[PDB]
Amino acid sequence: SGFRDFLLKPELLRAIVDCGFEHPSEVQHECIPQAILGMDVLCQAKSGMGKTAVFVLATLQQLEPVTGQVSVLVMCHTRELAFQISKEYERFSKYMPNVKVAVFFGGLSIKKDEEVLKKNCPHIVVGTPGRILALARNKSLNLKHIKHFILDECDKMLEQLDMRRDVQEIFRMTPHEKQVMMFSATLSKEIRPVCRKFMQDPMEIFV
């Protein structure tokens, strides 16, 4: 199964080989090619289909790192998944020197997060709506350079009125010209339209 069958940069393909993948799932086969071109995506895929890899690979492939600038924002509902996402970015960026990732899921002292943003500004930020919004509101987190807006476990986030509003306020702070992708193992018929309100003629896949 050609991960090499995708148009990926050499350093990226090499990292994938090192991780021992060799077989994209049907979802990866149908999402990655379009995701790499910056197309918006709404994807419902069961556990094991490799949803994280889809956006991790797609965003690393499009990454045009600028020191002191955050260009990728990923948000999700569970703390465990947030760190697994960061783990994945590290795995696939093994041969891409200086690609920095930071996780802001909710640690006492927002000051610590501000210090990371100020002294070792990351290129990719992964976190929870509340904390991301707080950092954005106090100006520690500059969101004017986001080129990729990604939500994982997107239904759990948007189905809750309070978290939905937070995500909406954050979205409003980012550039219009950007890629938006959302993933979840479960996307009810009722929540799908809500996800699409953040996208532009997105590719859709439900399994």
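Residue indices: 1-based, along the sequence shown.
Comparing 179-187 with 15-23, the stretch with the higher mean C-alpha B-factor in the PDB entry is 15-23.
Averaged over CA atoms, B-factors in the entry run higher in 160-168 than in the other of 160-168 and 146-154. Based on the entry's C-alpha B-factors, the most elevated value among 59, 67, 174, 44 belongs to 67. In the deposited entry, the Cα temperature factor of residue 100 places it in the middle third of its chain's modelled residues.
Ranked by C-alpha B-factor against the other modelled residues of its chain, residue 32 falls in the middle third. Residue 90: CA B factor lies in the lowest third for its chain, per the PDB record. The entry lists a Cα temperature factor for residue 128 that places it in the middle third of the chain's modelled residues. In the PDB entry, a CA B factor belonging to the lowest third of its chain's modelled residues is recorded for residue 71.
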